[PDB]
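4 protein chains.
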Amino acid sequence: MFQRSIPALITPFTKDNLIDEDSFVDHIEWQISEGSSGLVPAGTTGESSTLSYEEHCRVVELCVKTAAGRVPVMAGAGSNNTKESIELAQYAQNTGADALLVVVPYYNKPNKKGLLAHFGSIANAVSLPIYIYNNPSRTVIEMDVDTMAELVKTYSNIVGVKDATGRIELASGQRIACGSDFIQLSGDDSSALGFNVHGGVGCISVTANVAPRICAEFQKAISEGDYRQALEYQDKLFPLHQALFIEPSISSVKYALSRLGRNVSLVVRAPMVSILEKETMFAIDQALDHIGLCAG
Amino acid sequence: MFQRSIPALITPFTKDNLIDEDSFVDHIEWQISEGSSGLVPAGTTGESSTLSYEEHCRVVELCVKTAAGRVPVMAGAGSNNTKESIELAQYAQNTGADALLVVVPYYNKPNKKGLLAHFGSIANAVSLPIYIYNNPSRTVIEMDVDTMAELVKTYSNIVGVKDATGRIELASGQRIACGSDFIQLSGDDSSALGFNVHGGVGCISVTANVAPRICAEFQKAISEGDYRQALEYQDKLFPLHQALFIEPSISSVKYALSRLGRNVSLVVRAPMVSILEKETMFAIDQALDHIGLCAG
Amino acid sequence: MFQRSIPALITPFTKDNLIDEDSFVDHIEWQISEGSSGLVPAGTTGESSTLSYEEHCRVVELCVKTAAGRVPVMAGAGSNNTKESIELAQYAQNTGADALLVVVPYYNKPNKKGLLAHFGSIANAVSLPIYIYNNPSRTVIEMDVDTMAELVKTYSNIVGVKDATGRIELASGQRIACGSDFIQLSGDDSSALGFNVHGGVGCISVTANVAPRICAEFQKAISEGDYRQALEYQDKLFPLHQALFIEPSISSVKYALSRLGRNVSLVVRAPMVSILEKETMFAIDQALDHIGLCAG
Amino acid sequence: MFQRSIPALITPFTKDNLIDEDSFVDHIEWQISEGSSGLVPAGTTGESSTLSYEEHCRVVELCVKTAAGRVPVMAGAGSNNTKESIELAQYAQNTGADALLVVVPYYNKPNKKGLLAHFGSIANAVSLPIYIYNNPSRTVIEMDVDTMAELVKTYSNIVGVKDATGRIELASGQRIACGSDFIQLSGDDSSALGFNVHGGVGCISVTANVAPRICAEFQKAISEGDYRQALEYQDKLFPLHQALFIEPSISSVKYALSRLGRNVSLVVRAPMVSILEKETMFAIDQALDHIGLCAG
Numbered sequence: 001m002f003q004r005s006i007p008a009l010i011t012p013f014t015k016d017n018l019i020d021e022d023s024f025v026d027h028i029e030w031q032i033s034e035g036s037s038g039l040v041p042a043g044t045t046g047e048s049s050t051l052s053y054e055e056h057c058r059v060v061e062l063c064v065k066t067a068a069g070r071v072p073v074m075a076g077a078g079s080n081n082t083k084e085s086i087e088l089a090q091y092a093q094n095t096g097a098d099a100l101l102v103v104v105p106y107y108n109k110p111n112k113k114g115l116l117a118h119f120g121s122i123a124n125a126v127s128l129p130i131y132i133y134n135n136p137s138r139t140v141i142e143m144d145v146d147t148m149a150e151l152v153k154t155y156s157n158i159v160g161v162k163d164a165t166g167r168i169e170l171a172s173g174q175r176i177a178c179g180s181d182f183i184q185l186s187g188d189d190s191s192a193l194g195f196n197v198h199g200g201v202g203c204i205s206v207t208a209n210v211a212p213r214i215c216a217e218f219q220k221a222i223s224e225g226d227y228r229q230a231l232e233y234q235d236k237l238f239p240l241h242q243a244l245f246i247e248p249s250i251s252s253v254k255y256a257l258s259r260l261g262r263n264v265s266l267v268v269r270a271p272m273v274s275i276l277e278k279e280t281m282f283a284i285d286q287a288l289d290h291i292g293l294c295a296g
Numbered sequence: 001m002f003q004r005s006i007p008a009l010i011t012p013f014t015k016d017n018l019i020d021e022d023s024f025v026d027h028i029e030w031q032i033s034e035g036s037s038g039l040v041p042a043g044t045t046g047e048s049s050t051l052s053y054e055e056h057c058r059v060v061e062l063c064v065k066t067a068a069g070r071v072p073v074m075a076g077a078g079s080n081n082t083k084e085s086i087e088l089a090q091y092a093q094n095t096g097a098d099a100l101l102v103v104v105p106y107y108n109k110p111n112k113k114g115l116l117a118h119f120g121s122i123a124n125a126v127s128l129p130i131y132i133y134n135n136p137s138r139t140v141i142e143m144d145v146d147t148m149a150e151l152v153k154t155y156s157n158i159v160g161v162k163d164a165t166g167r168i169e170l171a172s173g174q175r176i177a178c179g180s181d182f183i184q185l186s187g188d189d190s191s192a193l194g195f196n197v198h199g200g201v202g203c204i205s206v207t208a209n210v211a212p213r214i215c216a217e218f219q220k221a222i223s224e225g226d227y228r229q230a231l232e233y234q235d236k237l238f239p240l241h242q243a244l245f246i247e248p249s250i251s252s253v254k255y256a257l258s259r260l261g262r263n264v265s266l267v268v269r270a271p272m273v274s275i276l277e278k279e280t281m282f283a284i285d286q287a288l289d290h291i292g293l294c295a296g
Numbered sequence: 001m002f003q004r005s006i007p008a009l010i011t012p013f014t015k016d017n018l019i020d021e022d023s024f025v026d027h028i029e030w031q032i033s034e035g036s037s038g039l040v041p042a043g044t045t046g047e048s049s050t051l052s053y054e055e056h057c058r059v060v061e062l063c064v065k066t067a068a069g070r071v072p073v074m075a076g077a078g079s080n081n082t083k084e085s086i087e088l089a090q091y092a093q094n095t096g097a098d099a100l101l102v103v104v105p106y107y108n109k110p111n112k113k114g115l116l117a118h119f120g121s122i123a124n125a126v127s128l129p130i131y132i133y134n135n136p137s138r139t140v141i142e143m144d145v146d147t148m149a150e151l152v153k154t155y156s157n158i159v160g161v162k163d164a165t166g167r168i169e170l171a172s173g174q175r176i177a178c179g180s181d182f183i184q185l186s187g188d189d190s191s192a193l194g195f196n197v198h199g200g201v202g203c204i205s206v207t208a209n210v211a212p213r214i215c216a217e218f219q220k221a222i223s224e225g226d227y228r229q230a231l232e233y234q235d236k237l238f239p240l241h242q243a244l245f246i247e248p249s250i251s252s253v254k255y256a257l258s259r260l261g262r263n264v265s266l267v268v269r270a271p272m273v274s275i276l277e278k279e280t281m282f283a284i285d286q287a288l289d290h291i292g293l294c295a296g
Numbered sequence: 001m002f003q004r005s006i007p008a009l010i011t012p013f014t015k016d017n018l019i020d021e022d023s024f025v026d027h028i029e030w031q032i033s034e035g036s037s038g039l040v041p042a043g044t045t046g047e048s049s050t051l052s053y054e055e056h057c058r059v060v061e062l063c064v065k066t067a068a069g070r071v072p073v074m075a076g077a078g079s080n081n082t083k084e085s086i087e088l089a090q091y092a093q094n095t096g097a098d099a100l101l102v103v104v105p106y107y108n109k110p111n112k113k114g115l116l117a118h119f120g121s122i123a124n125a126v127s128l129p130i131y132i133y134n135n136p137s138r139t140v141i142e143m144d145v146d147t148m149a150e151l152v153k154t155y156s157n158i159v160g161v162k163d164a165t166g167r168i169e170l171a172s173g174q175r176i177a178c179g180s181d182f183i184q185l186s187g188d189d190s191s192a193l194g195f196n197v198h199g200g201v202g203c204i205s206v207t208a209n210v211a212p213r214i215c216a217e218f219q220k221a222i223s224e225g226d227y228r229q230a231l232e233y234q235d236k237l238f239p240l241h242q243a244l245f246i247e248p249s250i251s252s253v254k255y256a257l258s259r260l261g262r263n264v265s266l267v268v269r270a271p272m273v274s275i276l277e278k279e280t281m282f283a284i285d286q287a288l289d290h291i292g293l294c295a296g
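Chains as they are written, first to last, in the entry's author numbering: chain B, 1 to 296; chain A, 1 to 296; chain B', 1 to 296; chain A', 1 to 296. A prime marks a further copy of an entry chain.
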């Protein structure tokens with residue numbers, strides 16, 4: 001269902017700090033027409049932390065409605081509050097999302113029993129497929145392979161993992177412990193290539209917001225086993241993958257989009273800021289030039 | 001205003017998962033009568049992450065009402081959403097809190113510019129004193145000393161720090177950069193003794209929920225400069241400090257209070273769980289009995 | 001020159017704690033005849049830390065003489081003492097080694113200028129090609145890509161890197177900064193597969209000591225672009241890669257060899273010990289059974 | 001036997017890269033006359049890693065000879081090679097050292113069983129008191145409290161710890177597990193103050209090489225229980241402690257001694273370098289002048 005290049009969509013805002021619905025719809029349309037194979041609205045790159053409950057639901061509804069069955073929609077239903085995660089997940093199901101992205105809880109640092117209770121509670125409350133989002137660079141705690149495999153064995157609707165660790169030996173461990181039917185998606189753009197050769201089938205991507213066509217061509221080459229061409233694409237994309245997280249990626253991505261001439265405002269929500277250092281903007285501009293996408 | 005032993009209060013719940021208002025009031029009154037010098041409602045140990053906005057506000061209101069001016073109240077007023085932080089902060093001010101505890105944002109990892117924007121926006125929105133809560137073991141990012149000093153220099157109501165790093169060299173750096181008038185409180189029970197000799201004047205404490213009298217005695221000895229006596233208390237308390245975070249301290253504290261005969265249910269909100277391993281309960285019971293806390 | 005599967009050779013010892021020269025020769029012969037493409041004597045897996053200067057030179061001499069030009073020999077010349085590294089490197093050159101493996105200095109933690117001085121001093125003292133061995137899990141410090149690229153640009157005989165980080169995004173960075181002529185070898189068995197698709201051409205391997213034929217077949221499949229078959233080999237080898245570093249790999253490898261019936265004693269040198277936990281030996285035995293190599 | 005301020009002595013070298021025996025003797029005599037209470041020759045700050053066996057021995061012999069029983073001498077006698085450690089330890093005993101400093105092995109990462117074998121073999125080979133030097137920021141592995149206690153319980157001449165973690169909670173854990181008779185010395189200048197209030201009785205110090213009198217005064221105030229006075233010294237010394245490890249402290253200490261007019265050359269052995277950035281020298285000079293150390 002989910003494969004190849006899947007943007008973790010930004011959430012654009014107006015000058016007045018409302019959801020810029022027309023910008024969001026346009027970005028989704030453009031993503032689909034440039035070759036993105038799926039959509040993740042209201043994830044981390046979507047600024048889930050600074051959306052109200054209502055706005056989070058609106059972002060998911062609007063992504064589901066816009067996509068209109070053309071590509072599958074994996075709605076962000078992440079929080080560190082299990083009851084709220086259930087409510088987000090049930091809203092996503094009822095509005096027509098195809099799957100759920102559920103982050104390992106951050107900040108309050110549950111132990112293994114707490115992870116089983118969190119993901120089990122969600123799995124019991126919805127019938128949609130659930131993807132575990134493992135990102136210890138943000139959550140501190142990391143779901144281990146034994147816990148992942150136990151969840152996969154216990155609950156039919158826990159089907160996959162967004163693996164943002166960038167440690168691809170884990171892709172092999174997860175493939176052996178959970179089975180080759182388990183859907184593994186990279187959550188780290190710069191190691192997505194190696195992640196797929198170890199068993200992954202796609203990438204939930206920051207850079208795809210900015211360069212959807214080349215990211216789609218990159219993932220197509222991997223799926224066809226043209227790993228020579230995929231490396232050629234890797235070498236062209238890697239400087240952009242890296243430039244987009246010199247400073248926080250949500251600000252960096254929106255800057256890159258405006259420099260491409262897209263209808264996306266620079267506005268982000270505190271504690272994120274839109275101001276980038278001169279050297280950061282130049283690193284992004286040169287990485288975009290290097291993929292032609294700008295100057296050539 | 002804030003000094004010696006200050007519990008980061010638990011938020012007790014009923015078997016029906018409502019706020020146990022009677023248990024909360026009794027806990028505060030017991031804490032005061034045993035020597036706690038101040039109160040922090042709706043912090044991390046207070047399960048702020050699993051409280052709704054209205055419950056969080058109600059916990060703060062109740063704590064202010066119950067303290068009745070006997071001890072100062074530092075309300076938890078911080079999330080990783082600046083607008084929500086301002087809303088919790090302004091509620092706390094209008095209901096009569098004496099100060100605010102504002103955590104460095106977790107999960108979404110702002111950069112230094114974002115920290116200045118976050119803490120600056122909160123400081124401009126209230127007139128109450130603000131304490132920066134630095135806990136990188138939960139937030140991943142760490143506010144550095146230059147940023148902390150800039151905030152103190154820029155905003156007159158940014159007045160202190162909850163320093164939960166456990167790296168007491170930072171106490172010396174913050175004392176020099178921010179001034180000896182900057183109020184430093186330990187956020188790490190096990191290193192609170194050294195923290196104070198480096199410049200701190202108290203501890204926002206997990207263990208004080210369980211053992212408020214001995215924790216108050218420990219801090220009193222420190223403020224009297226009886227460091228020999230403070231080290232004897234340290235040796236009695238350290239095993240309990242340590243046993244309470246074998247598993248998440250929220251669950252462990254409520255287990256301990258229940259065992260001591262306090263009217264506190266075991267209930268916690270997912271992803272916390274109340275089930276503890278037997279080896280964990282055994283370690284807690286041994287540390288409680290070494291101190292001599294069972295009335296029976 | 002160096003490609004595919006290259007064992008970091010163990011150094012066998014007799015009951016009496018001398019170098020077991022006949023065992024070493026036999027292990028080398030067996031490695032070559034099973035398909036290993038190169039040899040690294042007196043590296044980390046070779047217990048370089050507990051060899052005398054004389055014994056280190058003897059191990060390199062004996063590996064060079066045994067190999068007799070059939071496969072290339074990359075001699076360990078690593079220490080955290082630059083003068084001693086020069087002496088080891090010059091001995092290796094004079095005895096007929098084909099290249100040098102030079103670890104980033106451990107324990108004394110030089111800064112970037114110190115790394116330039118260390119690797120530059122060695123590059124000036126020999127004409128052999130030098131491979132940088134980056135392993136911060138043992139050295140704490142990590143050579144960054146700018147430093148690596150500067151060394152490669154400055155000195156003709158710094159030609160490659162043993163990259164033991166297991167973070168394969170670095171393979172892409174090193175490929176772009178140092179050029180595709182730069183020889184990158186994985187130093188992490190479990191991520192070797194993804195490391196090669198990102199630009200690597202081989203692996204300096206622990207597991208190859210134990211399963212040289214399958215490791216050689218694994219690397220052959222990668223070099224032929226049969227990444228489907230390589231993944232099949234990965235899934236068979238990964239449990240053995242992981243089982244060999246539950247406890248220190250030098251002890252684990254020698255245990256595995258004796259369980260295969262090879263003439264290798266269990267003896268290691270303090271502070272390493274030969275005693276393995278029951279659960280460790282069983283994890284290794286099952287991983288060997290899973291590659292048939294034992295039971296079938 | 002060991003208490004208050006104990007420099008980890010630098011090893012000065014000549015322009016020809018020989019041991020500057022005259023400079024070393026003058027440094028020791030100056031350290032004693034300024035209040036240092038003991039001496040550690042041929043430790044980390046003494047560039048043990050770049051000394052030959054015969055130079056290391058000569059540094060220890062000279063330090064013992066020069067101290068002339070006025071202050072005790074704790075010889076560096078530890079590498080990551082147990083047999084070499086025994087040889088350095090036995091030399092130190094036979095030349096008249098009072099105790100031994102034995103680092104947890106670096107680079108080759110023994111497990112707990114290996115630590116027991118390492119420290120046990122050394123303890124059985126000498127009758128001198130042994131101090132465990134725990135410095136995971138250099139060794140990666142960290143001796144845990146259970147292992148330390150087992151060693152103290154098993155070997156009567158394992159008597160104390162050099163604890164360079166900077167995590168003073170470990171001081172409380174070691175005091176409880178090993179006994180209040182276990183001698184704890186800080187290995188981290190910046191946290192030495194809190195370390196002592198948690199149970200320590202002195203500091204094996206980098207900064208004491210540069211500022212031995214004020215460091216001795218600082219430690220004297222602590223042992224007198226004048227913690228208010230100790231905090232005033234902390235505030236004066238902390239900027240110097242910090243400035244001396246902007247770049248490797250070996251280079252920074254010799255730079256500072258040279259600037260103060262001591263007969264100590266700048267020479268260091270690769271991979272250390274004597275060249276410091278101007279911003280580093282400026283920070284050191286400012287911290288030296290804040291204390292008032294320039295005679296001119």
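In this text, a Cβ means the ideal position worked out from N, Cα and C, and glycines have one as well.
The C-beta distance from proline 271/B to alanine 117/A rounds to 6 angstroms, short enough to fall under 8 angstroms.
When 8 angstroms is used as the limit between beta carbons, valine 152/A is near no residue of chain B, the shortest such separation being about 18 angstroms. Judged by beta-carbon spacing, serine 186/B' lies within the 8 angstroms limit of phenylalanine 195/B', meaning their Cβ atoms are closer than that value. In terms of beta-carbon proximity, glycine 166/A' lines the interface with chain A, with at least one pair separated by less than 8 angstroms.
Between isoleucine 6/B and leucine 51/B, the CB-CB gap reaches or exceeds 8 angstroms. When only Cα atoms are considered, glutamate 61/B' and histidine 290/B end up about 48 angstroms apart. In the DSSP assignment, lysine 162/B' falls within the unbroken beta strand (DSSP E) covering 158-163. DSSP, read as helix, strand or coil, puts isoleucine 204/B' in strand. By the Cβ criterion, the region 209-216 of chain A' is not in contact with the region 169-188 of chain A', since fewer than three pairs of Cβ atoms, one from each stretch, lie closer than 8 angstroms. Not a single C-beta of chain B' is nearer than 8 angstroms to the C-beta of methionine 148/A'. When C-beta distances to chain B' are compared with 9 angstroms, the residues of the region 239-252 of chain B below that value are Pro239, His241, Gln242, in chain order. Minimum Cα-Cα distance from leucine 9/A' among the listed residues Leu88/A', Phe2/A', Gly76/A', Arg70/A' corresponds to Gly76/A'. By DSSP's assignment, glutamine 184/B' forms a beta bridge with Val161/B'. With its beta carbon at least 8 angstroms from every one in chain B, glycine 202/A lies outside the interface.
Annotation: Cβ neighbours of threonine 50/A' in chain B' (cutoff 9 angstroms, chain order): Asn80, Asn81, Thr82, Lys83, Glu84, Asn108. Between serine 249/A' and the set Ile141/A', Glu55/A', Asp189/A', the nearest pair of CA atoms involves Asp189/A'.
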